[PDB]
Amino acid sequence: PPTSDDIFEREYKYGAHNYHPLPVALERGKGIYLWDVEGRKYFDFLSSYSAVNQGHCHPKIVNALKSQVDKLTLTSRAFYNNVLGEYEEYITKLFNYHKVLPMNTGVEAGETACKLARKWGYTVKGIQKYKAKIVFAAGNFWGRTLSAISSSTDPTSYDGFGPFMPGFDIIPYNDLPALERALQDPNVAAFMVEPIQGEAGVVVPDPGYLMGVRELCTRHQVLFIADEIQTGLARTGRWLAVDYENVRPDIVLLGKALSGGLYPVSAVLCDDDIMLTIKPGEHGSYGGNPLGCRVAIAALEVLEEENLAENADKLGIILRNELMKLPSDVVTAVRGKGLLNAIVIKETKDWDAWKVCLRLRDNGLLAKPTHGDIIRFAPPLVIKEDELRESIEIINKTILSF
């Protein structure tokens, strides 16, 4: 019996107010579709921020989880389990890196990358201890820990949250001269960057930016950290976004879609020269538990077998072609890669991105704005062309209904 209004009003009373979600209360999910408590059906054009790239409740990942939960779920890393090594070999051979370090959430993988970069700068590069610096790009988002917000240029992320982690420098995104200037400091150990800035509004850098970042990092003995937690795993049309420029980062961060939305699994991929700077007992975490490892194996196998990167590329081309037919007085820009796209809205005194998302919900499509004018479009990579065009028709109806 509990309605949607009963749901909202419940959380407001017993849950922290750290979110303001779109007023819709889902209770079922399958493939590209979501169902609320009233039984209404919606296209999911958010994909839990690329966490359910494989669709909601993919039968293969569900079967993996059900098969593993009956056997063993957590031993802690004080002992070995039989699934972790299998998963590690699979993912290291899949992405062609020597080793992987498993964690749970994306921010944990980012913290691990920072600790790896600092430890490598001290023990390998020879930086005097605790002078090591890490460079980030403005608009970056990699979590909500104190360090993560310390690297942030978004006031809502860091304002009011105490003194901040030192050693984090910030340069403009999509700016090779600025990176070249920042890397003149020999105390810099790494540069962490998103190949596409997701949370900033799907900000796509210019062609050649990733190649330039790799060249500049190699030239000045600086580690290239690619945060592919949102852009990786077929979301942009390739296994990794950096594959669009044939670039091999020093450290690769994976997460989100790594489990298909069934378990918090994240990964830090790199070679021995970097990975083995952390010694036994010096870092760790549910990290590497057998259940999440089975789930992640199944998710990667689903990504590979169903060729979801090619589908993402094709249907994203179609989606961006269709979205640019909207009026210039209505949609000022359409951007993105693969099935990770965004439109920006000319906000007026008559409408805004929040009202557009409300009306989209009213018409059977779920999306959310990220800055009151930028609306994300990222359906699960299992969507077909007819379903894509029906949801595009929904978007057209909603946007031309104003």
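Numbers follow the displayed sequence, beginning with 1.
**Student:** Which class fits the unmodelled deposited stretch between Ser285 and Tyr286: none, 1 to 3, 4 to 9, or 10 or more?
**Tutor:** Unresolved stretch here: 1 to 3 residues.
**Student:** Name the higher of the two by mean Cα B-factor in the PDB entry, 314-322 versus 115-123.
**Tutor:** Stretch with the greater average CA B-factor: 314-322.
**Student:** With respect to the recorded C-alpha B factors, which stretch has the higher mean value, 294-302 or 193-201?
**Tutor:** Mean C-alpha B-factor is greater for 294-302.
**Student:** In terms of recorded Cα temperature factor, pick the maximum from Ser151, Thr332, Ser157, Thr218.
**Tutor:** The listed residue with the largest C-alpha B-factor is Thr332.
**Student:** For the chain shown, is the CA B-factor of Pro264 in the lowest, middle or highest third of its modelled residues?
**Tutor:** According to the entry, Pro264 has a C-alpha B-factor in the chain's lowest third.
**Student:** Taking only the Cα B-factors deposited for this chain, tell me whether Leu84 sits in the lowest, middle or highest third.
**Tutor:** Middle third - that is where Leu84 ends up once the chain's C-alpha B-factors are sorted.
**Student:** For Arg181, return the chain-relative third of its C-alpha B-factor as stated in the PDB record: lowest, middle or highest.
**Tutor:** According to the entry, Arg181 has a C-alpha B-factor in the chain's lowest third.
**Student:** Taking the chain's C-alpha temperature factors as the reference, tell me which third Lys71 falls into: lowest, middle or highest.
**Tutor:** According to the entry, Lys71 has a C-alpha B-factor in the chain's highest third.
**Student:** Comparing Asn307 with the other modelled residues of its chain, is its CA B-factor in the lowest, middle or highest third?
**Tutor:** CA B-factor rank for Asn307: highest third.
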